[PDB]
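This report refers to the structure that appears directly beneath it.
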Amino acid sequence: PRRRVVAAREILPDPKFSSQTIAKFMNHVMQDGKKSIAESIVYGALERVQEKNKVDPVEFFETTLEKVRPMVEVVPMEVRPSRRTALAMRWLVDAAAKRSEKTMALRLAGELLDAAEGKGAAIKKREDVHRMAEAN
Amino acid sequence: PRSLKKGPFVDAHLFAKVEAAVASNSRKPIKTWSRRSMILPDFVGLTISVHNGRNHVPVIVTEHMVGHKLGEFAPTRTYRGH
Amino acid sequence: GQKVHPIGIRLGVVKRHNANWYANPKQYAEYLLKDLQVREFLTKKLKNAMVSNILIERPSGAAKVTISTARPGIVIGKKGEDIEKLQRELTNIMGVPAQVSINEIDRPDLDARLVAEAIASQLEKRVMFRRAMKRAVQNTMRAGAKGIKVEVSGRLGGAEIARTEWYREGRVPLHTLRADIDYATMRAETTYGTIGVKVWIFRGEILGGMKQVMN
Amino acid sequence: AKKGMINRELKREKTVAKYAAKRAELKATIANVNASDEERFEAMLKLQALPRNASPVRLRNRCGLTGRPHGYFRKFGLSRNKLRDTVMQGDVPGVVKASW
Amino acid sequence: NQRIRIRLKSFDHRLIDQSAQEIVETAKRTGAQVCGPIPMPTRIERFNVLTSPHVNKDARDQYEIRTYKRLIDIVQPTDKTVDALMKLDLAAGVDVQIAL
Amino acid sequence: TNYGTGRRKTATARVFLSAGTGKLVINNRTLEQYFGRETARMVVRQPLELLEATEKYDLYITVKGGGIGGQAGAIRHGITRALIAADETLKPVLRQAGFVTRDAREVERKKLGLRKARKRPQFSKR
RNA sequence: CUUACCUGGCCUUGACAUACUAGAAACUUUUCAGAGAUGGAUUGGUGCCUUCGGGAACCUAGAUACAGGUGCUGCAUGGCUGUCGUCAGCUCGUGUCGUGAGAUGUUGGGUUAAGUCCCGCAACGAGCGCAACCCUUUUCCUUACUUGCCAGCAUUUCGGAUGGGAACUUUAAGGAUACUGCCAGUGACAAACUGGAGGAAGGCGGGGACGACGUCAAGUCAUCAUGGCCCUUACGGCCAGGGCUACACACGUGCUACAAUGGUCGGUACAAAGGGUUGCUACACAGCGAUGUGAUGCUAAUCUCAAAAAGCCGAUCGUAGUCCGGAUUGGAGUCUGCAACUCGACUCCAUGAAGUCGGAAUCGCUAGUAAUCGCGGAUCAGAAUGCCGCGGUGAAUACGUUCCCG
């Protein structure tokens, strides 16, 4: 701004899991106002990971998000807590875009499983930011 | 194109001229400003001087041009290149 | 910058329209054109009658023209022949029987159009513009207005380079919509061209709004 | 506008009004299905033989005060300049500045 | 089974309300039953008028004009009702249509 | 028995609450028949789920105007108001949940000289 | 046509006004020549008042003062408009200081979106600006109950369809409410500032309109008016055809795409606002279709434009210049119009271009906003991807003022 401090815009929990994390992920996935398509994409991944390996859908996503979470900006600075999740979600969306499968939901679930086990363009990018942090 | 239920459009003054020539057999060109008139089968074998804005271009009516407007054979713009 | 018309901005707030009739879209245009012709004809004919406001109404298949004037006798005529002639002319123009009514203005110096006409007449008669402006302002302020602004633009005095001169006394709160602001414009035709005259007069704040005005 | 253009417009309206009835009659005869084909053809020929200024498509709306051929606003019969002037003076009933 | 239908059209809602109140009061005084007035939806027409004489497309005035409508129903009309309604004055700016 | 009116984005919902087993009808249709997407169905069921009384009441709902999201919001608002009418003691819980507030957000008008409410035509200083 | 431009054909007190002198009602039919403007033959009518000796329009003939000019000057002007900029500033009177131009007040400390407000002070007092008054939206109440509505009752062809009801939605006039009002903490012991309850809404709730003193010889003599200059068998007026639509090129503003968060097919939901009698059209028939014919209601909360579209469910396509894209061209048509060659819109069959997300650089946007989806209108016989409006779905990010600009 300049003089004011803008209050953060609070988003409602998702109406199915009451999870603001999943709601924010849906918002990151969604394009040009098509909320239902993003809901389908995210929920397909959440249901498919449950079938492939039995964990709680919320807990598995939280653990992977924490794994992909960075902790350094860039002149070094630490990332504030909000930007950690904000940058992890973008990386997980961008990287999951480029894997090849029939539906976007299946690609997203596939890279969720992959990043849970330490392979994914997301955590390559995280280690690249780590390298650049070690540079200075 | 003009609706088929209305038939082709020909100006009366031009049509009378071509009809008179065909009833007779005069070979002198018919001078007209009616670029919008449709070429009819009766027109075949006649010379029509169609106005193009500044001059009257002579057109000799052949069978292949029946169904064209008279103005398609008298271009109105001049262009040779840049 | 440019300023909004003081009457037009208040046409629905504290000011009433000068025309009061209803017409469907088929005759709206004809009615409006005949109204404009009537206004032009009256403005030309009563040039020396000190006429400011003309109100046109079409009650029922007829017409009623109310003329606000400071010269009721000259408008009326010697024996009333002039208002009968005016009724004939207006009926001929409007295509329907018309009734003329007269509203006598008892305070001419608080009417914006009359002051502008007076100033323009002085300018055409070659009175010095600053003297005319200050005389008009002082006369209105003595008459009792709470504010007046007078502006003249053009080749003032015959100068080759045109300019604008204004003079104001009192209060003229142009941005208050509920203020009572009378506004007028007039042209003075001199040997050197056109001089424009603009007059604003402020007569207090109207309270209660259009409900008070009884629209 | 110029006086010549205004008079041209007036003459065109006069011609349209003069030929209004016969044009409608010929068009009805053309649209007739019970009429003979020769009758409809003759009606078409007469319609094409009518003067050009009898056709209403050659009329152009002009401002009722100045004659301007652009910005007409059918409802008021005035072009935009005179419409703005008259509305802001307050001689047009019911019209006010719009805000919402 | 005589029912009087009155429709009021105007460009000024205060004028139309005053006229409707007058009609209702007269009909009630003449000892007749009255239903209304019923406010019908208003018509709003908007216009965009360029303010500059030559070239400023973003400089326009936006005007509007409103048509207000009111409906009044008179049932069980007494003898004096019709005569009183016809004797009622016609105020300028309000169009009154009566149907039997 | 009790009545409520809900409004959201030009959508208005009339809600008639009674005591029943859990029947729910919107415009002579089932909830699943009327709403296609899950979140619309869940928003409607939010108040009774919060109150734990999903099987205590019977709902007769009509709605008009707006879209699917606006109609779902209006139905939720109407159900909240009907519950308030049935019992005034439930108001603190519903207000804490946020169901009592009427969302006054509305489409902003297009403005002269702009492509939209705020979007401006592209500018070229060069 | 518009039309102001070009080619050619025509008129000369003129297409239009006032002043004068004479004769004719005005008008109307049939044609002929001509591209038309025009010109010539040819019918009927010859009308309205009347002190009635003539007059009212209206037309024709003569005459001259004149008309006419989108011809020039926006650097002679009025009026109107843009811009800095919705920037917070701009002024005045009495008193003091200075030989004087000038100064003071208006500066000094906090605060605010604001010269907004509160404190100090050789200053004491005012105006235009800011804010508010005006419109629209969010909650509620009163009046009003049709052409709109249907909670309870009854009958039903299950269609508010019908008795019926005035509850609710809505329609639209008038009111109520919000005022730091209450609590807590700070500020300076002020102006202010932060947090909490209640309330639909809390500190300016959102949006519109409103644009100070001035600046740029800014824009407009082609809306109009107007000083001056210029043309007058022509720089005026009438007509037909052509042009404003040209095309080695360069730039600005847009639309449509490059696809799978998608294309196509089948089924099935949910709006707002506006238009309609020279008009919009239920329904039926014909056509693949644009449309045509018959017919019905509507001067409209009554009938109609009208199908909302994205959405949801199912199938298929499987990353290919493709079942992406829809340029261009060939062949058939429809409608408006006196007339679609130059140069219209739309329909059907066939064709199937560039295009694989776009360098330097640069633009918009802080919330129902951006993004995306459809709907209407003004102009208008026909002719929007533009302009002005309407609703549907509905985000991301603001640590901060170090530098870029103002």
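Below, chains carry the letters A, B, ... as their sequence lines are ordered, and counting in each starts from 1.
- With both pairing distances under 3.5 Å, G:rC388 is matched to G:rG376 as a Watson-Crick or G-U wobble pair.
- Pucker check on G:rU393: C1'-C2'-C3'-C4' positive, sugar north.
- For G:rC343 with G:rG274, the Watson-Crick or G-U wobble criterion does not hold with each of the two distances under 3.5 Å.
- One finds no side-chain N or O of E:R43 lying less than 4.0 angstrom from the OP1 or OP2 phosphate oxygen of G:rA172.
- Closest to the side chain of F:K111, from the set G:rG79, G:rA113, G:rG207, is G:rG207.
- Closest contact between the side chain of F:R109 and the listed nucleotides G:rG208, G:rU397, G:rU369 involves G:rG208.
- Figure legend. G:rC363 is base-paired to no nucleotide; pairs are counted as Watson-Crick or G-U wobble with both atom distances under 3.5 Å.
- Classification of the B:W33-B:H51 ring pair by plane angle, with boundaries at 30° and 60°, yields tilted.
- C:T191 comes within 4.0 angstrom of sugar-phosphate atoms only, judged by non-hydrogen atoms across all strands, and of no base.
- Not one side-chain nitrogen or oxygen of D:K97 sits closer than 4.0 Å to the OP1 or OP2 atom of G:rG208.
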(request) Using the side-chain contact (heavy atoms from CB on, under 4.5 Å) rule, take C:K149 and C:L174 through it: C-alpha gap first, then chi angles, then the decisive distance, then the call. (result) CA-CA 11 Å; C:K149 178 175 39 165; C:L174 275 197; 4.2 Å; yes
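- Taking atom NZ on B:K5 and atom P on G:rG337, their separation rounds to 10 Å, with Å as the unit.
- A negative value of the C1'-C2'-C3'-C4' torsion places the sugar of G:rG74 in the southern pucker family.
- Note on F:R29: only backbone sugar-phosphate atoms sit closer than 4.0 angstrom, heavy atoms only; bases stay farther off.
- A salt bridge links E:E45 with D:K75: at least one charged nitrogen is closer than 4.0 Å to a carboxylate oxygen.
- Neighbours G:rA383 and G:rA384 form no stacked pair of bases, judged on six-membered rings against the 5.5 Å and 30° limits.
- Considering only side-chain atoms of B:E72, the nucleotide from G:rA225, G:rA144, G:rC341 that sits closest is G:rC341.
- When distances are taken from the side chain of C:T176 to each of G:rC145, G:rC133, G:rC1, the shortest belongs to G:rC133.
- The nucleotide whose nearest atom lies closest to any side-chain atom of A:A86 is, among G:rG242, G:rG127, G:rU397, G:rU397.
- When heavy atoms are screened at a 4.0 angstrom cut-off, C:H175 is found touching base atoms of the nucleic acid.
- Put simply, NE2 on B:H51 is 13 Å from P on G:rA240, counting in whole angstrom units.
- Nearer the 5' end of RNA chain G, as judged by each residue's closest nucleotide, is the contact made by C:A159, out of B:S37 and C:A159.
- Using a 4.0 Å heavy-atom cutoff across all strands shown, B:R36 reaches at least one base atom of the nucleic acid.
- The pair F:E108-F:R118 meets the salt-bridge criterion, since a charged nitrogen lies less than 4.0 angstrom from a carboxylate oxygen.
- Contact annotation: B:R2 side-chain N/O to G:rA340 OP1/OP2 distance is under 4.0 Å.
- Ring-plane geometry between F:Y60 and F:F16 is classed as tilted, the angle between the planes lying from 30 to 60 degrees on a 0 to 90 degree scale.
- A distance below 6.0 Å separates the ring centres of B:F73 and B:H68.
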(message) What does the B/S/- profile of nucleotides 251-262 of chain G look like, 5' to 3', with a 4.0 Å heavy-atom cutoff to protein?
(response) -SSS-----SBS
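- Sugar pucker of G:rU232: south, as indicated by a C1'-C2'-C3'-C4' torsion of negative sign.
- At a cut-off of 3.5 angstrom, counting only N and O atoms as typed in the model, there is a donor on one side and an acceptor on the other between the side-chain of A:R2 and the base of G:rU401.
- Between E:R66 and E:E64 there is a salt bridge, since a side-chain N of the basic residue sits under 4.0 Å from a carboxylate O of the acidic one.
- One finds a side-chain N or O of A:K24 lying less than 4.0 angstrom from the OP1 or OP2 phosphate oxygen of G:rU397.
- Per the stacking criterion (ring centres < 5.5 Å, plane angle < 30°), B:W33 stacks onto the base of G:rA35.
- Nucleotides of RNA chain G nearest to B:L70 and D:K27 differ in position, and the one nearer the 5' end is that of D:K27.
- A donor and an acceptor atom, one from each side chain of F:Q71 and F:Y34, are located under 3.5 Å apart.
- Donor-acceptor pairing under 3.5 Å, judged by distance alone, is present between the side chain of F:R95 and the base of G:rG199.
- The one candidate from B:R2, B:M38, B:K69 that meets the side chain to side chain contact (heavy atoms under 4.5 Å, CB included) condition with B:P8 is B:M38.
- Nucleotide G:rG241 forms a Watson-Crick or G-U wobble pair with G:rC6, both donor-acceptor distances falling under 3.5 Å.
- Nucleotide G:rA173 is matched to G:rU142 when pairs are restricted to Watson-Crick or G-U wobble geometry with both distances under 3.5 angstrom.
- The side chain of C:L174 lies closest to G:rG129, out of G:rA209, G:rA300, G:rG129.
- What you find for B:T78 and B:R54 is that their closest heavy atoms are OG1-NH2, 3.3 Å.
- For B:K69 against G:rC341, no side-chain N or O and base N or O form a donor-acceptor pair under 3.5 Å.
- With its glycosidic angle within 90° of 0, G:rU277 adopts the syn conformation.
- Glycosidic torsion of G:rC52 falls within 90° of 0, placing the base in syn.
- Sugar conformation, G:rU299: south. The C1'-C2'-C3'-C4' torsion carries a negative sign.
- Taking the side chain of F:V107 as heavy atoms from C-beta on, and the options G:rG391, G:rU223, G:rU2, the nearest nucleotide is G:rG391.
- Closest to the side chain of C:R168, out of G:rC128, G:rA300, G:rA212, is G:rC128.
- For G:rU277, the ring torsion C1'-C2'-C3'-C4' comes out negative, which puts the sugar in the south group.
- Closest to the side chain of D:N7, from the set G:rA15, G:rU81, G:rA381, is G:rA15.
- Side chain F:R118 to base G:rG207: no donor-acceptor pair is found below 3.5 Å.
- Distances were taken from every side-chain heavy atom of B:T76 (C-beta onward) to each of G:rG243, G:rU401, G:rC380; the shortest belongs to G:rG243.
- Salt bridge absent: F:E106 and F:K9 never bring a charged side-chain N and a carboxylate O closer than 4.0 Å.
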